[PDB]
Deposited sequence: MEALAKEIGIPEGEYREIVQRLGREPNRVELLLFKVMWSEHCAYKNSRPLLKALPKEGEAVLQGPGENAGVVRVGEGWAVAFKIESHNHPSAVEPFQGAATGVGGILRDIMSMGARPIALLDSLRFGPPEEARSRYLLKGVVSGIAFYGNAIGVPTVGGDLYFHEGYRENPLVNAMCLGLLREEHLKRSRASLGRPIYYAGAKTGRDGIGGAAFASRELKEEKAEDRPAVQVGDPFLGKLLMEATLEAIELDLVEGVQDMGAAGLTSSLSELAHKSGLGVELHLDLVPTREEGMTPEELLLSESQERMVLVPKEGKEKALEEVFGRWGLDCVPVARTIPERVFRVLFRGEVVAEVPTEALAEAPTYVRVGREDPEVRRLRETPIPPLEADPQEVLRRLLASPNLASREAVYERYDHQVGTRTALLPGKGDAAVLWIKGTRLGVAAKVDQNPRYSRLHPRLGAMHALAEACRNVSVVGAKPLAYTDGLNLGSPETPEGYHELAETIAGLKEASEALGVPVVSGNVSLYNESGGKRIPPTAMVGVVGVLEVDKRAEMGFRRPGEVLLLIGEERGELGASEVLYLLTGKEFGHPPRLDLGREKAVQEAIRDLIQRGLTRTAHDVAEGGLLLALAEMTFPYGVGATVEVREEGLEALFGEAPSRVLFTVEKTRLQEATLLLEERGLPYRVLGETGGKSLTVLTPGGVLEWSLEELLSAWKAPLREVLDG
């Protein structure tokens, strides 16, 4: 029956392997099950072999890759679950539902760990902001993101937005979620023999073979209460491949099989066929396995939240996924056959054009810095995302609260404790397109730097990989270099992966999106020893860890002045990066500084301007090197911070004992940003910096 086989999308080679795993040919239904379970989305066929390289060990790791999300210990009995997913292709066809659905799904993965969602972060990539479609997609996904999150009660505390040429055809929408729980309640996707499997949530319809957040809230409370009462031994959310992936996965990890009675499955539409029920991806659906003797309890938990919770399947000793419908066995495939699909290895080769661009020498450039800073602040990639986060609410919850003082990483305070959880997601497409490996390294480094900058220690990360097809040598190369990049940054900084995602085939017409590894990092700190980026008072000494000179390759200023992106991305010394991150955390924990900000895209001056916005406090400094490289050039491992006058020596003593280059630029205060250079004084009023920075994205989004 190879006919229908290759007619649905299953490769001859793959089909032949399926007949040898079943010792027979699958019927129509079984064939449809494999088509979906063996697709790259579910099987990760081309990425698994490479992902084995990512370091997983870490002091704070409680749960790494394998479960619906990664979990790390944060102290005083608390733990944090988190993960990042993608909903690219669907957001492309319909931005509103795509984004909202991306949020619903990520939320369920975090809930299944028994962790109550405390925050959402979005990682977005669209084409240039002047193009109609780019504006459309941006309006769509943020509208959709706001809709689900605001309705379910989980705030979107931050994220990463970037506009770029390489995303014109394939936009990216990744959602990261943070959830907290008591370690004692850490649950996974396990089931013991002889247990019934419950189904709760919306009824199964003919969906993706729109999300309801209102029902999501109910679903979330019940699941969380159910686990908080220790009534379950396993919980699984239903997403891609619906019931099929939920149960087979659950069964496979449990070392046994599951018998599904489709007739007991709640239906929303009439005349639904077996495959339709099995492959529906209807939203807000949940699988739960009550512990022995707690079935009733589980039902009551859902009864309390006005939800139905009914038995739909049971575990069996035979490691198989047996599907029953109207009295007949319509499918019975071995669990292993469904969960362990073939993987592929290829030979990557870099796209010669990528090399050509990277090796292009950066030409001598000249421009009026008075205007370059204003032009950079007005760039849609550097301007305020204020109009975006204004769509979201619920910064204050029932256990956690977002600290309103703008820090480089979102900081969620755990009420009743001194604990604070910091989070950030990063990646630079320009660096990544020109040097995927260095781009990936920069992403993890930056994310960790941002958390370190508010005073928290990086505990682990989550990586949402987004690339073109792995078929072509150039594409596989980008995937390979991206993964090698993370490994290298991870090993050097001592920060392990705990979860993640992989989205491939993000390309059309031979045009590949810039390799995109959206790195999410979680860390913890004492809310009382926190730092934010805004200058808070006049008279503080302003210092810089690292050097003033940045590079122009793949930089913002280069793009602004040439309209192009080329050259080598900034070099990254992982040893320096680690030492700087520890230096800044020490500085903050010892109470020497409570205001820090790292120097990233746009260079020293842009970083400087961003610090005057939060409180309207200016700064006066001296930069010893003139030239674009010093004022706007980019370089990692650079951090700005302020100390109280009589504490300068202790801070400088600390940096010196760490062998770290540093400089005392000047002080804070006034209603201007003033910069002395060997060629004179450059000056801007905080007003002009502010208006230039505030307008760009606000009109694009609300105009």
Quiz prompt | Missing segments of the deposited chain sequence, listed N- to C-terminal | solution = 210 to 231
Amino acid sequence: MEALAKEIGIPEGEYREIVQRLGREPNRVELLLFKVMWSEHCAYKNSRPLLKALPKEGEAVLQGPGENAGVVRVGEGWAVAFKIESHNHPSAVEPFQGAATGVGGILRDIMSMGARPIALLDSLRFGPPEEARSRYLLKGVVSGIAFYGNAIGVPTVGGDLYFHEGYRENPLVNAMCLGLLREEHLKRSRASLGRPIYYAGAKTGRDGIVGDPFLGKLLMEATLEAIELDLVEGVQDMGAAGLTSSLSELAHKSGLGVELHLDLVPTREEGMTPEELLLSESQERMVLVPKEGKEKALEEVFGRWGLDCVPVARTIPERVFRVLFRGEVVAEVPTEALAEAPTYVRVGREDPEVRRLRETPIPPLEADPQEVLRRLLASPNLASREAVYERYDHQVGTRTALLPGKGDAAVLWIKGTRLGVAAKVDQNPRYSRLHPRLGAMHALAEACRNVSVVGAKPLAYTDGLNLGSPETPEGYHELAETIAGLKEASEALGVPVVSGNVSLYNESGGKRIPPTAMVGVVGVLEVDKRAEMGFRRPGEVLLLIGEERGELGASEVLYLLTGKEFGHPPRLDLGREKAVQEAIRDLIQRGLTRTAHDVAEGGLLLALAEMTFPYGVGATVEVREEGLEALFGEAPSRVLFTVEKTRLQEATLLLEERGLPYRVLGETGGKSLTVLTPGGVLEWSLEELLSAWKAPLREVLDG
From here on, numbers count along this sequence of modelled residues.
Quiz item: Do the C-alpha atoms of 141 to 149 or of 574 to 582 have the higher average B factor in the entry?
Solution: 141 to 149
Quiz prompt | Comparing 469 to 477 with 539 to 547, the one whose average Cα B-factor in the PDB entry is higher | solution = 469 to 477
Exercise. Please pick out which of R638, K52, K671, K45 has the largest Cα B-factor as recorded in the entry.
Key: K52
Quiz prompt | Highest recorded Cα temperature factor - choice among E165, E183, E281, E532 | solution = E183
Quiz prompt | Third of the chain's Cα B-factor distribution that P26 belongs to, per the entry | solution = highest
Quiz item: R624's Cα B-factor: lowest, middle or highest third of the chain?
Solution: highest
Practice problem: Using the B-factors in the PDB entry, rank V329's C-alpha atom against the chain and give the third, lowest, middle or highest. | Solution: highest
Self-check item: CA B-factor placement of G500, once the chain's modelled residues are sorted into thirds
Solution: lowest
Self-check item: Assigned third (lowest, middle, highest) for the C-alpha B factor of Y136
Solution: middle
